């Protein structure tokens, strides 16, 4: 099950790519840049033009009432899931979950992640286990980490993995490692033929 990271911040060209690959993806993930550049409306619309669920990658990390306000507006705009940080606390996570499905951040892949976030991943996983969000993000650059998290995460809580390598077999390996969804951006929206690249990743995943 593929998640398209529509990180093509230019208007209509972003929507064109998403509608044409709708057959091979399960969700569409949008971030703050797209939202800022096109307005929160690009959400309602990415929807009624692809028919695919949408994940608003916002990494909410504010106080409860502000997280709530943002969620209400984003869910209200059509988002199906909102990604939220675990670091700011449970009340802030629950404020969003109360209005819609959430995906919690328990680990990150940039150099800075090793400073405070990653040392707390085991603890964040346990928070995730108690809250039972729809899922958690797990950088899949290294399958070992997806399995690490999968071993500690409650069954029923999905794992979505970004940073999937471009080599043939990587997407399949991330799923085998425990990822329920692989989040792919570049390798798809910047490929000569998007639908084709989407189909390739899709076919790879189901082993044939």
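Numbering follows the first chain given and starts at 1.
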Task: Mean Cα B-factor comparison, 72-80 or 98-106, giving the higher one as deposited - done: 72-80
TODO: Check the entry's C-alpha temperature factors for 168-176 and 55-63, then say which stretch has the higher mean.
DONE: 168-176
TODO: Using the B-factor values recorded in the entry, state whether the Cα atom of residue 154 falls in the lowest, middle or highest third among the modelled residues of its chain.
DONE: lowest
Task: Chain thirds of CA B-factor: placement of residue 139 - done: highest
- [ ] Can you work out whether the C-alpha temperature factor of residue 50 puts it in the lowest, middle or highest third of the chain?
- [x] highest
TODO: Would you please rank residue 163 by its C-alpha temperature factor against the other modelled residues of its chain and give the third it falls in: lowest, middle or highest?
DONE: highest
